[PDB]
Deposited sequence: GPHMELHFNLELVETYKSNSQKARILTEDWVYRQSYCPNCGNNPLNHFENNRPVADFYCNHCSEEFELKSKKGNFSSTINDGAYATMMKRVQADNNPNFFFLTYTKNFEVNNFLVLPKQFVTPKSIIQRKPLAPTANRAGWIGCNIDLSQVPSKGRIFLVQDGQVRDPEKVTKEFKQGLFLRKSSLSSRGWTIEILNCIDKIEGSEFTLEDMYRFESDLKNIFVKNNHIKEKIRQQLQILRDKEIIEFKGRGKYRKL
């Protein structure tokens, strides 16, 4: 098994000046080159929409693509529609593909569906109406941005599948309880290095209070959330309010 990072260069020539070129090329690449980031199965199945599923584990993936520079936002459709889906916990997993002017994939990631929170949905050039949206990847923790290819480097599929499976417990939490765990992961991402203290986490109290406005016991909530993450092997407790990222 060898991933080829370039698109089909013959299709590049055939579909020159064709309106659908960029969709044909990206879908083709995902179909032949991607694997299921849950169970590792290759190839995926095709379901207009660029939707795939895994015939082994039934995971679904919808593809989004951007030519050029890696963006911290993924273009979607309507704000209201995306919201209904997010609320109903109904989104597919998302594949995000970025590619160069020479039709090489330089980033390819999966955003597992449960990491798409109301918060991560931002309005695009909003107008009083007409309001598109993006998914804002700066609001998604590293645990929910799982790279199959990163900066032109093909990652170990065993690490991809491990990371994907590690986050699946969040599918069993309801919206706000899931939101808590996801925001704690966002805090931990900001801590520089491997080691951190409870004191480090308490610095985010003000930030967390602004998201979770009804919580008057934020320090205690932080402790509980750290315990959930320990139980899920995402951090370890070294005792006495000291932790290490895993």
*Show which contiguous pieces of the deposited sequence have no C-alpha coordinates, counting from residue 1.*
1, 49-52, 134-139
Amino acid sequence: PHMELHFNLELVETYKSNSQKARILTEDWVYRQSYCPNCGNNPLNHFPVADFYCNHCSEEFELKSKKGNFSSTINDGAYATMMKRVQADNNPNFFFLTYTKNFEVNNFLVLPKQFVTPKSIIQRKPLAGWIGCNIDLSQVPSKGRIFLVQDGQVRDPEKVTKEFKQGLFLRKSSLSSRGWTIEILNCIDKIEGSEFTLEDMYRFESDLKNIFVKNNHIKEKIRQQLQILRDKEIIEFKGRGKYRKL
From here on, numbers count along this sequence of modelled residues.
*Higher average CA B factor in the deposited record is what I'm after, so tell me if that's 111-119 or 84-92.*
84-92
*Stretch with the greater mean C-alpha B-factor as recorded in the entry, comparing 95-103 against 71-79*: 71-79
*Please pick out which of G179, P37, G193, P43 has the largest Cα B-factor as recorded in the entry.*
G193
*Taking the values straight from the PDB record, which of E27, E220, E199, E59 has the highest C-alpha temperature factor?*
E199
_Third of chain Cα B-factors occupied by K238_ = highest
*Comparing against every modelled residue in the chain, figure out the third that the C-alpha B-factor of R124 lands in (lowest, middle or highest).*
highest
*What third of its chain, lowest, middle or highest, does the C-alpha temperature factor of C187 fall into?*
middle
_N216, C-alpha B-factor rank within chain (lowest, middle or highest third)_ = middle
_Lowest, middle or highest third: which one holds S142 when the chain's residues are ordered by CA B-factor from the entry?_
middle
